[PDB]
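The structure under discussion appears below in the form of structure tokens.
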Amino acid sequence: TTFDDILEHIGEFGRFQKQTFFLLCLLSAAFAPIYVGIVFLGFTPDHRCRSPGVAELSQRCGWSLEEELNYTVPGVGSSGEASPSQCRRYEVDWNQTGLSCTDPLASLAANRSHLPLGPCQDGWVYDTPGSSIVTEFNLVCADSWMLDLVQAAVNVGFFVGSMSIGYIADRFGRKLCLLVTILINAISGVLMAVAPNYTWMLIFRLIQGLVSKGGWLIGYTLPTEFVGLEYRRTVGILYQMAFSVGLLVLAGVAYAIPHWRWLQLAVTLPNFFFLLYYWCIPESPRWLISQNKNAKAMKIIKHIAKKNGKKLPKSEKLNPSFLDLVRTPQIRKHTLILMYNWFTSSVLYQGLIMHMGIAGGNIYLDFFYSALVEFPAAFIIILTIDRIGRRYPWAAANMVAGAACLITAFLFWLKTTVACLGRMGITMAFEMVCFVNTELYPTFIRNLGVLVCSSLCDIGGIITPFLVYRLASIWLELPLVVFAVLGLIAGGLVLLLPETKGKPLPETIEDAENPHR
Ligand SMILES: C[n+]1ccc(-c2ccccc2)cc1
């Protein structure tokens, strides 16, 4: 007796699976913000040093924002293309000593260089009507690193969170861990909007990061276990699609309400809504059967059977271990290759979206187009995964990503199209990685196998904001060349991974030892 055969009689894809997947995929939307929400929660608008005298001078004569932009602000191009205008104040005696409206500073200095420069004090003025983290905490001139540090904190939380949560989930089931992660993520997200000081907000963001990705992956693994062999691709890829749709909705919601506090408070409301009603999904019977807890598994199977609409026919110790993950040489090889794939995926993904994307345009529209590019990738992957196997299309997608990045490295009209194509390729590679990794490991360590293998992803996220800079100074286009090298090498290494087309996912370590047999 095997789980697959029992599943066949109940029905690989039926009413129960439809309901479960429809409820589950919404969690993907709730995780869409945590990953890439810095783009909207914290954005840097055009800003200038506060000028108390300018306030008085504005009512003296007719003033316009564009007009006042130049004759009452330090000129750009001195000791930096934009350094003076950004966060340097002339500190002239504008108030009580106004020479004239046309040339208030012409008589004081008469020369851009002659005009004195000093530290940016009295605060800052931001053009955007909608506040944000940057405006809230004045992280503009001497604290630019702070905004990147927030994202680095999220990327650091993901790491430890995965490393612990994977072990906890694989030792005490998926359902309980998923519920706890959902609750902690919701509470941290909602409390973030009430952080009075920057430090507390950063700590709350770290706490939320510790749980977000772990919960997301634990939610991804479950539907694959529920579904049968034939329909695995559909659920596995439609999950990714929800993330895409979720990403798309978030763009619109961000345009709807700009105030970052309100944005965060609202965006996590679905996270709270899930907690109440997601306690109607059962624990995966595969884990119970593998863990020698068939008693509960039979009740779960009966519950599934009654809802499905078919009649069920009448008819030693396994524990997780980190060292076991590498005990088997073949498992060692698989894990190493997959970890390298994670690392080479995260760097490309984050770096290209933050930099590769076409410059200019609104904050929202460009992100919208970035989200839109992914939908074709899901379609192409769905078309060919079963027909020509998972291995070759994934390798080809990684190769295409690397090639597109390299050709972009060396009026940018072609650059936009190449960027979109590359942007497509990288998502294809990421999805393929996420799909294959679950199906490769044995069941009783799968949750521990993937999450730990995903920990290396975090390191890439930390490296990208730093590495690029060090490379960018060394040579203008060096980061793209390195990206291409990483992409192509990863695509080549992918070919070595054993193929899985019709093989049922293994439930023992020996089975994973020799996948060919
Ligand atoms: C298209 N796309 C979907 C999901 C991811 C993802 C990133 C980090 C963790 C989990 C999923 C990346 C790309």
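Before moving on, here are some points about what is shown:
- Residue 24 vs. criteria among the hydrophobic types (A, V, I, L, M, F, W, C) and either farther than 24 Å from residue 265 by Cβ or out of contact with any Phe, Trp or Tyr (no Cβ under 9 Å at 6 or more places or on another chain) (or both): yes
- When the test is whether a residue is among the aliphatic types (A, V, I, L, M) and within 28 Å of the chain's Cα centre (by Cα), residue 55 does not pass it.
- Number of positions in the stretch 400-454 that are within 21 Å of the chain's Cα centre (by Cα) and of a type in the set (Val, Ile, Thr): 7
- Scanning the stretch 340-355 for residues that are within 15 Å of the ligand (Cβ to nearest atom) and either surrounded by fewer than 15 Cβ atoms within 10 Å (Cβ to Cβ) or within 17 Å of residue 36 (Cα to Cα) (or both) turns up 345, 346, 347, 348, 349, 350, 351, 352, 353, 354.
- Matching option when the condition is surrounded by fewer than 11 Cβ atoms within 10 Å (Cβ to Cβ), part of a loop (DSSP other than H, G, I, E, B) and not hydrophobic (A, V, I, L, M, F, W, C), among 111, 95: 111
- Checklist (1) buried (at least 16 other Cβ atoms within 10 Å of the Cβ); (2) within 16 Å of the ligand (Cβ to nearest atom); (3) under 19 Å from the mean Cα position of the chain (by Cα) applied to residue 397, failing item: (3)
- Test: residue 160 is surrounded by fewer than 20 Cβ atoms within 10 Å (Cβ to Cβ), farther than 30 Å from residue 65 by Cα and within 16 Å of the ligand (Cβ to nearest atom): yes
- Count of residues meeting criterion [away from the ligand (no atom under 16 Å from the Cβ) and touching a helix residue (DSSP H, G or I) at 6+ places or on another chain (Cβ under 7 Å)] in the stretch 194-208: 8
- Residue satisfying condition, being within 21 Å of residue 364 (Cβ to Cβ), within 16 Å of the ligand (Cβ to nearest atom) and within 18 Å of the chain's Cα centre (by Cα), within set 253, 249, 267, 211: 249
- Within the stretch 114-149, the set of residues being within 22 Å of residue 52 (Cβ to Cβ), of a type in the set (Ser, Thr, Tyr) and assigned to a loop (DSSP other than H, G, I, E, B) comprises 128, 131.
- Here residue 446 meets each of (1) over 30 Å from residue 292 (Cα atoms); (2) away from the ligand (no atom under 12 Å from the Cβ); (3) among the charged types (D, E, K, R) with one exception, condition (1).
- Filtered by the rule that a residue be among the charged types (D, E, K, R) and touching a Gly at 6+ places or on another chain (Cβ under 9 Å), the stretch 347-385 gives a lone residue, 366.
- Selection within the stretch 72-87 - more than 24 Å from residue 60 (Cβ to Cβ) and part of a loop (DSSP other than H, G, I, E, B): 76, 77, 78, 79, 80, 81, 82
- Restricting the stretch 132-149 to residues that are of a type in the set (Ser, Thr, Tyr) and surrounded by 15 or more Cβ atoms within 10 Å (Cβ to Cβ), the residue that is nearest to residue 82 (Cα to Cα) is 135.
- So residue 476, is it surrounded by fewer than 17 Cβ atoms within 10 Å (Cβ to Cβ) and not polar (S, T, N, Q): yes
- Checklist (1) part of a helix (DSSP H, G or I); (2) away from the ligand (no atom under 16 Å from the Cβ); (3) closer than 28 Å to residue 120 by Cβ; (4) not small (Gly, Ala, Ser) applied to residue 43, failing item: (1)
- Tabulated pairs, the stretch 331-347, first farther than 20 Å from residue 507 by Cα, second within 16 Å of the ligand (Cβ to nearest atom) and among the hydroxyl-bearing types (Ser, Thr, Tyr), C-beta under 7 angstrom, 6+ apart or interchain: 342/454; 347/464
All of the numbers you see were taken from the coordinates with simple rules; none came from a lab. When we count neighbours, we look across all protein chains shown, and the Cβ atoms used for this are built from the backbone with ideal geometry, even at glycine.
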